[PDB]
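# Residue-level structure breakdown
Now for the letters of each chain:
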Amino acid sequence: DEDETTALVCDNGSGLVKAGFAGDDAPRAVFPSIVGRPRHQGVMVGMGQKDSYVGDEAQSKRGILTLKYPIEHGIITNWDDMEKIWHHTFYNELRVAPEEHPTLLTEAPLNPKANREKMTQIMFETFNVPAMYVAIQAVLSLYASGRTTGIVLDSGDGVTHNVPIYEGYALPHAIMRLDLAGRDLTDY
Amino acid sequence: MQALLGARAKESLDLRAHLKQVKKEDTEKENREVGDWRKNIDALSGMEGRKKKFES
């Protein structure tokens, strides 16, 4: 539904997925990083009912669903559910088919390599995106905040990476990764 | 008895005041590098609104 072949941006956290197009100041829509599945035996015939629900569908029908998060502490392990979320996100609600738009994804610098590799593989092989770029949260946070220099303490849902940047340069020896995040605060 | 020591004093004062003079010459012909600058500031007086760019 867009009138320009701008890049797409999709911030796939362990909590929620914020997505929209590049050049804007906000995601156009926010979806949970969830694929839901029924935990009950169907009783009635001709009720429709999906084998799995995606994003906002998973929360909307959650009364009888178990809701799973494909991403654990920032890393995707269930790529199949990620593909479902992305297809819904890009084609049904954001109305941007990746085939016609380059796509940028986000991740902690110490997020295990499989995350950036699998996300890149899926956008190129199941979505046919013309181009890809996996960006680092510390970089992204300083740009959003109007800084080139500072400490990015991302107290997000998954893992906190705590990464210092000076004059645009990483200072990797000073990174303190902490296994504490919003999901644990909720559990407490 | 009064002329010789006078001439010697003239020569000594000449050499000393003349090294003083050649260095004071450099001091006076150029007094610009010993100056300073205003160093103005913009200071962004607009704490009533924000900017257009995506980063802002």
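Here goes a summary of the coordinates provided. (Residues numbered from 1 in each chain as written, not as in the entry; some residues may be left out. Chains lettered and ligands numbered in written order. Part of a larger assembly, values for the part shown. Heavy atoms only, no water.)

### A short note on the sheet that holds strand β5 (residues 53-54) of chain A
All names here are of chain A. Definition in use: Strands are labelled as partners when DSSP assigns at least two bridges between them. Only DSSP runs of H or I with at least four residues qualify as helices, and only runs of E with at least two residues qualify as strands; both kinds are numbered from the N terminus onward. It only takes one pair of heavy atoms within 4.5 Å for two residues to be counted as in contact. To obtain an axis, a line is fitted to C-alpha atoms, over the contacting stretch when the element is a helix, and the angle between two such axes runs from 0 to 180 degrees between their N-to-C directions.
Taken in spatial order, the three strands make up an open sheet running β5-β4-β6, and their pairing is antiparallel. Strand pairing shows two members of the sheet lacking a second neighbour, β5 and β6 (65-68), which therefore form its edges. Both strand β4 (residues 35-38) and β5 contribute to a ladder of two bridges, which runs antiparallel. Note on β5: the bridge partner recorded for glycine 36 is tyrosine 53. Its contacts with the sheet place helix α2 (residues 79-93) against β4 and β5, and it is angled at close to 110 degrees to β4.

### Some words on the layout of surface pockets
Residues and elements named next belong to chain A. Quick reminder of the rule: For cavity detection a 1 Å grid was placed over the protein atoms alone, and a set of points counts as a cavity when a 1.4 Å probe fits there but cannot get out; an open set counts as a pocket when protein lies on both sides within 12 Å along at least five of seven lines, with lining residues being those that have an atom within 4 Å of a point. Grid points are joined across faces, edges and corners, and a volume is the space filled by probe spheres set on the points. Residues are grouped as follows: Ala, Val, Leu, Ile, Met, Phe, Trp, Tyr, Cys and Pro are nonpolar; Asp, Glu, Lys and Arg are charged; all remaining types, including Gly, are polar.
There is about 1,400 Å³ of room inside the largest pocket. Together, 47 residues line the largest pocket, and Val9, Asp11, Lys18, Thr106 and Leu140 are the ones closest to its centre. Put simply, the parts of the chain that give the lining of the largest pocket at least two residues each are β1 (8-12), β2 (16-21), β9 (103-107), α3 (113-125), β10 (132-136) and α4 (137-145). Among the elements that line the lining of the largest pocket, the one with the most residues is α4, at six residues. Here the residues of the lining of the largest pocket sort into 22 nonpolar, 15 polar and ten charged. Each pocket or cavity is described by its volume, and for the second largest pocket that value is around 270 Å³. What lines the second largest pocket is a set of 16 residues, among which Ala138, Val139, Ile165, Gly168 and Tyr169 lie closest to the centre. In terms of residue count, α4 provides more of the lining of the second largest pocket than any other element does, four residues in total. Looking at side-chain class alone, the lining of the second largest pocket contains twelve nonpolar, two polar and two charged residues.

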